[PDB]
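In the block that follows, a single chain appears as C-alpha cells, in the form deposited in one PDB entry.
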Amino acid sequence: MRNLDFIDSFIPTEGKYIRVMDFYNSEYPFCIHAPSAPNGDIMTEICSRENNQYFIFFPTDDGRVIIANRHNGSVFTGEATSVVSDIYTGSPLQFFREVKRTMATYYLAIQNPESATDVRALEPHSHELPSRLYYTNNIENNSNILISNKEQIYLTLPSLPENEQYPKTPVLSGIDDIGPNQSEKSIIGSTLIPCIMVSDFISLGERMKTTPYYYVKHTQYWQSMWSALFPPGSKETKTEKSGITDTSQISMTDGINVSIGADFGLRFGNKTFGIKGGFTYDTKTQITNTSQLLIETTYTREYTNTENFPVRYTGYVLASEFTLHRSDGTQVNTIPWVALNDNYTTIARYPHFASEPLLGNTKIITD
C-alpha cells in the first residue's frame, strides 16, 4: 500500500515508544519516578510531565529490556532489597523481563545467579504514599505487581539505507590505466543501537531526548593495493596489507564496545553483549569464535605474467567498513573503522581476455 505498508507499525514493539508507568492498583495518581541525580532510588511520585517519569525500554536479543529514563539516561538497576537508578554498564542486574498478564497490564521481573528459580517482581509497599520498589516471590494471582502504561508516545526512528548487492570488481580502460583507488561502496547492512551503549560528546540525557537510537552502517568495497605493467613472462613481487590497525581497533572498541577477532568475526564487550545476535543479523556479519584480536600484517607476493604479451594488472583487496551515525545522519567516528581481508583479492587486468597472474610464494614482513 502506502498506509497499510505501515500496518506492522500500528501495534508497536516495546522499544518504539516512550512510556509513563503507574501501578494498576494505586487509586491516587502515582507514577514511577527516577531521581535527578545519576544514581538514586526509584520511587512512586505524584504524576507530573517531567522527564524523570518518562522511560524507554531498550529490547535485547532474548527479549529482556533495559529501562532508561529520559532525564539523564540512567537505567533500572537491581540491588539487594531495592531498585535503584544507575549508569548502564551492562551488568546482569540491569536486564529486566516484561511479562504481560493481560493485554493492558504487565509486571517486571528480575532473575538471580539462578535461571528457573527466583524470579521476583517489582512491587511497591504503599498505594497511599510515595514508595520504593521492592521484590516479591508472590507472583501468581498477585495484582500488586501489576503495572499499566499511563501514556505512550511514538518514537520517530532514523531512516536506514537500502541494502546493496556485493561490490563488483573494477574494470580497466587501457594499458596505462591504473584504475580507481576504490570501488563503489556497497551497503551490506545497518543496525540500530541504543544511545546508552555508544561513546559521544553529547550528554546521555540529551541523547535520550533527540537521538535515543544511533545506527551502525556496514559497507564493503575493493581497495587498490598495487598496479603495474607486466612484461611478457615476468615475475614481480608486490606488497599486500591485511587486517586492522591498532588505532582503528582501539577507536572502534571505545566507540561501540565492539572489536574484530582474528577470524574476522566480531567480539562484543559487556555493554553490547546482549544485542550481538540482532547486530550481526542486521549487518550480515558473524560473531567471533576465537579470543585473539585482528592485527595488521604486511605480505609480499610473487606474481608472474604467463602471457606472451605485456599486461596491465591492478590488485584489489576486500575492504569492510563500519560507521557510527546519529539519528540526524551525522557520522560520529573521526577515525576510520576498516578491516582489509587479504584472503579475498581480485586482479583487474588490461587486456580483459588476459589470464590470471600466476601466484608464487608468499612471505610476511617483520618491519
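Only residues modelled in both forms are compared. Numbering starts at 1 and runs along the sequence shown. C-alpha atoms forming the largest set that superposes within 1.5 Å between two forms make up the rigid core.
The form deposited in another entry is left out here; the points below concern that form.
With the core held fixed by superposition, the comparison between this form and the one not shown singles out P113 as the only member of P92, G233, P113, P130 whose CA moves by at least 2 angstroms. Once the rigid core is overlaid between this form and the one not shown, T13 counts among the residues whose Cα shifts by 2 Å or more.
Relative to what is shown, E14 and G269 are farther apart in that other deposited form; their C-alpha atoms differ in spacing by at least 3 Å. Figure legend: C-alpha atoms of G15 and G78, shown here, are separated by at least 3 angstroms more in that other deposited form. Displacement of the C-alpha atoms by 2 Å or more across three or more consecutive residues between this form and the one not shown, following core superposition, is confined to the runs 4-10, 12-15, 113-116.
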